[PDB]
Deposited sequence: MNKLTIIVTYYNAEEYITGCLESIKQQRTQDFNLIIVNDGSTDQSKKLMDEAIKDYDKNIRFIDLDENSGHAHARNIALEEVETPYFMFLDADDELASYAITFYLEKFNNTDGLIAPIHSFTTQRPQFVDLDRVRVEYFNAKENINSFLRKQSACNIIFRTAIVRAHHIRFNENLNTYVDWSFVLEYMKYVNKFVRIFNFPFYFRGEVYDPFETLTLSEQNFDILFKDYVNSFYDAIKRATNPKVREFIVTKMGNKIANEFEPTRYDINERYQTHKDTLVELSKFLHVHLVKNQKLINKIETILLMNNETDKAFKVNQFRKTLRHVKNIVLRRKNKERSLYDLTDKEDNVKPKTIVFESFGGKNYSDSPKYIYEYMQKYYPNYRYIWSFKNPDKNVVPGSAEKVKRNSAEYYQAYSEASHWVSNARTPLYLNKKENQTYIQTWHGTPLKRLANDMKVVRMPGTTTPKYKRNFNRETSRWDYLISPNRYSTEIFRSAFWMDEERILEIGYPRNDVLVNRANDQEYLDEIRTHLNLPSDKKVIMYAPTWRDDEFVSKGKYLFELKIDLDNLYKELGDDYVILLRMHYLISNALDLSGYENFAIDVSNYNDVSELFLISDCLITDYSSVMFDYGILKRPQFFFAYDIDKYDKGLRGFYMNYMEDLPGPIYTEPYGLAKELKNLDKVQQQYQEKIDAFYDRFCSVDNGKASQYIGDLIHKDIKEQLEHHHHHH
């Protein structure tokens, strides 16, 4: 009856304690984690590996505060002090003793991204994976190569699969996605919940509430008379080398669109602190660090992107979208590296140059009519499922889970 796994965790924990390693917190938790540590009314939330108080976990958590305020709520953050969380939740810092206590104790884990494999998901706890968008580029199991530092394509997939098996529930936005998850994530369909993303709830429920639209606008200090264009290009390793002004030509957009529009730039953080918008105030508004992207969609009159899954979220609003695929050349030529037919059925025009994009923008209603058919077809395939009830569904499922647990 020699417990060989126990013996390994002890050696490791002793090594950590003695060498003064920071992982001592982790090895202790690993030694001592029992099924018995779990309390049914403790729930943990984490989004994007602990960077933010945001999207789907945020809305799940906000719904649960309104209707079930007596459970113990915990949020996990890389830096708790820099994140404001409303309500009763306590914040824990990643990799701190309280972090491990929290995950050891919680009966439910809620998140939208992968959680670390050194955390143990007991048969005793329920891991709810919201994920973070309808896939466009291939991922997980569906990938061909991944020359990603430190890891082989197989060892990376081995690991991804290890994580997904721990997923008890996995939220889905659309049939297309479920079909994809089933393959890509190794998921059994039983475990999939095609209920839409909680983070898209506002896109259905609050799209007309003007007092709310007007709050979002003045918090960003937007001009009262101008329409809002949002630009959210994906990150490209290519363009890293003071950055060369955006490809989309701000100078030109200003001359072309300044009298009618303000444009919201949503860049990667690294592009955001290189961007110098002197000369563009009241026209070009850095919005990279804004906490809630769903609120940005709500106040946005059209959306420019290239190859991001945000197009599917935003498409719920049936507003116009443009695709500035300036580098579409480089991206594989006849790119089947995407799950869907990009050159054909997206809700808007593909421009490879920004100058004709600008003119087109000059009159939105023409575009809205011209791609109405294409917009609707897109709404019907990818958005024909968001009720606006998604936070309620998870929220209620968790409640009902933890009642059965407070009984036998």
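For this chain, the deposited residues without C-alpha positions form the stretches 1-312, 554-557, 725-729, given in sequence order.
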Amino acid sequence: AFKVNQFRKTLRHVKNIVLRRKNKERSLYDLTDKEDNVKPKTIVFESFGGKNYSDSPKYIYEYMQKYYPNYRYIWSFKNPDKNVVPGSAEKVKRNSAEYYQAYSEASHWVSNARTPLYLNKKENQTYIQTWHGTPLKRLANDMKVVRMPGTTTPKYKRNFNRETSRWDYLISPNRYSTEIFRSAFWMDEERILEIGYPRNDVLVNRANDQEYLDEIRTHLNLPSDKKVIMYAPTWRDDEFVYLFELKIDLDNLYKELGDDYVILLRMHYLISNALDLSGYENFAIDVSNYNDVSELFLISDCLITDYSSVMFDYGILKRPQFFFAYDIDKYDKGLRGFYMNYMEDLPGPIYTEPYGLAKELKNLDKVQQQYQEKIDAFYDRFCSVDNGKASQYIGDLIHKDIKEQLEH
From here on, numbers count along this sequence of modelled residues.
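Comparing 167-175 with 327-335, the higher mean C-alpha B-factor in the PDB entry belongs to 327-335. For the pair 150-158 and 301-309, the mean B factor over Cα atoms is greater in 150-158. Residue-level inspection of the entry shows that, of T32, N37, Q368, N52, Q368 has the top Cα B-factor. Per the PDB entry, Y269 shows the highest C-alpha temperature factor of the residues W109, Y269, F185, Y99. Ranked against the other modelled residues of its chain, the C-alpha B-factor of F240 as given in the entry falls in the highest third. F48 sits in the lowest third of its chain by CA B factor, as recorded in the PDB entry. Compared with the other modelled residues of the chain, the Cα B-factor recorded for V385 ranks in the highest third. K144: CA B factor in the highest third of modelled residues in this chain (values from the PDB entry). In this PDB entry, the Cα temperature factor of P320 sits in the middle third of its chain's modelled residues.
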